[PDB]
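To start, the structure itself, in structure tokens.
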Amino acid sequence: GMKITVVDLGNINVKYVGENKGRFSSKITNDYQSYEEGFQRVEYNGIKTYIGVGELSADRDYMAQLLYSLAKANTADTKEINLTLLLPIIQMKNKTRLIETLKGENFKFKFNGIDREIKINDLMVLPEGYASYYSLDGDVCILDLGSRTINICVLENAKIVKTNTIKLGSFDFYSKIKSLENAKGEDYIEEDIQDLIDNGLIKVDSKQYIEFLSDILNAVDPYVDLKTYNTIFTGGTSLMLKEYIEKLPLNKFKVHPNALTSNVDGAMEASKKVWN
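Quick note on numbering: the sequence shown equals residues 0 to 56, 62 to 141, 147 to 285 in the entry's author numbering.
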């Protein structure tokens, strides 16, 4: 039995499940420590990274957190594993580079001062939300509607067929509202607008939100037919448009504006079905 490990490289915390399970802060630093032995740390490819301290932030950062997680998840008798790697949806545009880095490769590194090594046999890279907000066994579309960018992740026949980015976001909607307001004699900038709508200093008609939603959907159309997928709208712009999104002619969909999360144990059970 090839051992399996799940690692979720989240923006706030990292979680892992192998022989052992754990969670640690996604903070990292490379700052020099005069008492290195008092810290969680990895040394890989000449870089010493302190784990769980420093700041929330890179290729070398993911590698540091991943290698640390794998050293914690399994003892040194484990020489190779199949890996399920869960990433925030925006970072899914790194999948191709990560597979080439990891699949079939051995890694030598120092873990809290101890030489360790781990080989990645097979590998699955999937967006956070796996096994908790969407299921694959398999036509899923995650639309992250951000301030400046739409990130699209399409999982078809249970594998990623597309990641795409579009330069359209709430920033553009607030730029349209700003224009209208200043034409009334105001002198706002874009960053003022959101808070002024919230507290009523700027009134916005439901028609304006509907038009902006239609611009988003038309920008997405060249890339993906949302009717054909189980579609999850996420991101802060999905919050702004929730009530209008829920009125759209889409069969299987959902609005979850906050970052998607995965039950790492649920992700492990799904992974055992893939490889065992």
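Quick reminder that beta carbons are idealized off the backbone N, C-alpha and C, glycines included.
For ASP65, the three-state secondary structure derived from DSSP is helix.
Rounded to the nearest whole angstrom, the C-alpha separation of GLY37 and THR172 is 41 Å. The alpha carbon of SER24 has as its nearest neighbour, out of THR246, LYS76, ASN10, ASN191, the alpha carbon of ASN10. Taking all protein chains shown into account, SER280 has 16 or more neighbouring C-beta atoms within 10 Å of its C-beta and is therefore buried. Contact between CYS162 and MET96 is confirmed by a C-beta separation of about 5 Å, below the 8 Å threshold. Taking the Cα of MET277 as reference, the smallest distance to any Cα among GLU195, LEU140, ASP81 is reached at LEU140. Boundaries of the alpha helix (DSSP H) around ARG101: 99-106. Using a Cβ-Cβ distance cut-off of 8 Å, the stretch 114-121 and the stretch 130-137 are not in contact, since fewer than three pairs of beta carbons, one from each stretch, lie closer than that value. If only complete runs of 4 or more residues are kept, the stretch 213-247 shows the alpha helix (DSSP H) at 215-229, in order along the chain. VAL41 counts as buried, since at least 16 other C-beta atoms from the protein chains shown sit within 10 angstroms of its C-beta.
Following the DSSP letters along the chain, one finds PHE182 inside the alpha helix (DSSP H) bounded by residues 179-191. Judged by DSSP in its simplified three-state form, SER25 adopts coil rather than helix or strand. A direct Cα-to-Cα measurement between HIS265 and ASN191 gives close to 33 Å.
Cβ atoms of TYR43 and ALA68 come within 8 Å of each other, at about 6 Å. Distances from the CA of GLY45 to each of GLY51, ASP65, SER56 were compared; the closest alpha carbon is that of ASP65. A check of alpha carbon separations from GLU84 across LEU154, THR4, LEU226 identifies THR4 as the nearest. Buried is the label assigned to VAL273, since at least 16 other Cβ atoms lie within 10 Å of its Cβ. Beta-bridge partners of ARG157 (DSSP): none assigned. For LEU87, the enclosing beta strand (DSSP E) starts and ends at 84-91.
With contacts defined by Cβ atoms closer than 8 Å, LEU106 and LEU91 do not form a contacting pair.
If you compare the alpha carbons of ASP196, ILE186, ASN160 with that of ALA228, the shortest gap goes to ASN160.
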